[PDB]
Amino acid sequence: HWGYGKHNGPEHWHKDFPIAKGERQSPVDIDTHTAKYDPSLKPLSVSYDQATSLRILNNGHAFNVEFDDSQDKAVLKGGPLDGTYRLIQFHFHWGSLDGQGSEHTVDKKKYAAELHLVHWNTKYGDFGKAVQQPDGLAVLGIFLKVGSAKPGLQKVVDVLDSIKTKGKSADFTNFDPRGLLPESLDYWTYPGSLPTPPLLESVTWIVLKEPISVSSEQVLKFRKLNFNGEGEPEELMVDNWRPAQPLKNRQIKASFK
Ligand SMILES: [Zn+2]
């Protein structure tokens, strides 16, 4: 149905998902002059010590590394969050060229890619009930710039050949998401939504100030994936990002001075 092409991309999404023109849509541009530091924020807790990855897959839009969320094994607490959010999966958004690929921007500056770690409020039982509530999801966003290779990313990059096209999957165990984080946990936060259809407005966004560096070679592996299924016309999985949306009446809060 939907995608990132000319006839099924971000400018067509409102037709099937009218909430695309809603009040708390993501992504957004982050204006550092108006993104005020918020002294009420508590420190963010990233607890990935017992994360249990299950698999990696191509869903026709991106690749998703899935995790066992049946217990508190990889969770996010603190920050602006009320309670505990379990990591269910992570995936990236990237461009054709280094010059673009991120969803969020900082003072209009676009990064080569953006990692998203998706988490759901255990108040709700499972992902399914959680995605429909305003306080239902917590996505940790992390920008990627091009430079030194990211060692923790290599395990992912080395299995992408196995999931080239939509519908493919493969066993993917013992992957450690702590290996994808930058040094600082400095972040901006605002109430948003899923950047992909159904675009439900149920996500508390936490975007880290410090990008990670990944090598031109790792990102180049990303680019060889396809949006299409085996046997269909070969469509390179590139530019799977939605551009910035109006901030509207929202405020972006900084965890740092
Ligand atoms: Zn995403």
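As deposited, the entry is annotated with X-ray crystallography as its determination method and 2.20 Å as its resolution.

As recorded in the PDB entry, the protein goes by the name Carbonic anhydrase II, listed as coming from Homo sapiens. Turning to the protein, the UniProt annotation filed under Subunit (literature references left out) states: "Interacts with SLC4A4. Interaction with SLC4A7 regulates SLC4A7 transporter activity. Interacts with SLC26A6 isoform 4 (via C-terminus cytoplasmic domain)." The UniProt entry for the protein carries the following text under Sequence similarities: "Belongs to the alpha-carbonic anhydrase family."

(A) Molecular detail of the side chain of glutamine 100. The residue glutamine 100 is located in the loop between β6 (85-94) and β7 (105-106) in this model. A polar contact is formed between the side chain of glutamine 100 and the backbone oxygen of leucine 97, at a distance of 2.7 Å. Filtering out sequence-adjacent residues up to four positions away, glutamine 100 remains in contact with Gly95, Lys110, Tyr111, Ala112, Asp239 and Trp241.

(B) Region of the structure containing the side chain of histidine 104. With respect to the helices, strands and loops of the structure, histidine 104 is situated in the loop between β6 and β7. Of the polar contacts made by the side chain of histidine 104, one reaches the side chain of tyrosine 190; its length is 2.6 Å. Setting aside residues no more than four positions away along its own chain, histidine 104 makes contact with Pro27, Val28, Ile30, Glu114, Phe143, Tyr190, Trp205 and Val207.

(C) Spotlight on the coordination of the zinc ion. Those donors, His91 (NE2), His93 (NE2) and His116 (ND1), are the protein atoms that reach the zinc ion, and they lie 2.1 Å from it. The sequence pattern describing where the donors of the zinc ion fall on their chain is H-x1-H-x22-H. Remark: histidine 116 occurs in strand β8 (residues 113-121) and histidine 93 occurs in strand β6; sequence separation between them is 23 residues.

(D) Broad picture of the packing of aromatic side chains. One pass over the structure, following the stated rule, counts 15 aromatic pairs. Ring geometry for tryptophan 2 against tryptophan 13: centres 5.3 Å apart, planes inclined by 90°, an arrangement best described as edge-to-face. Placement of the pair is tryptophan 2 in the segment before α1 (13-16) and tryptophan 13 in helix α1, with a sequence separation of eleven residues. Given the relative accessible area of 2%, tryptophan 13 is considered buried. With a centroid separation of 6.3 Å and an interplanar angle of 25°, the aromatic rings of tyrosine 4 and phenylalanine 227 are classed as stacked. Taken together, the residues span a long stretch of sequence, with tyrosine 4 in the segment before α1 and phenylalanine 227 in the loop between α4 (216-223) and β14 (253-254) at a distance of 223 residues.

What counts, and at which threshold
Residues numbered from 1 in each chain as written, not as in the entry; some residues may be left out. Heavy atoms only, no water. UniProt positions renumbered as here; feature names shortened; annotations may be inferred. Helix = DSSP H or I, 4+ residues; strand = E, 2+ residues; numbered from the N terminus. Polar contact = N/O pair within 3.5 Å; in protein donor to acceptor, adjacent residues only side chain to side chain. Contact = heavy atoms within 4.5 Å. Donors = N, O, S within 2.8 Å, 3.2 Å for Na, K, Ca; no water. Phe/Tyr/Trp six-rings, centres within 6.5 Å; stacked < 30°, edge-to-face > 60°. Buried < 20%, exposed > 50% of the residue type's maximum accessible area, 1.4 Å probe, protein only.

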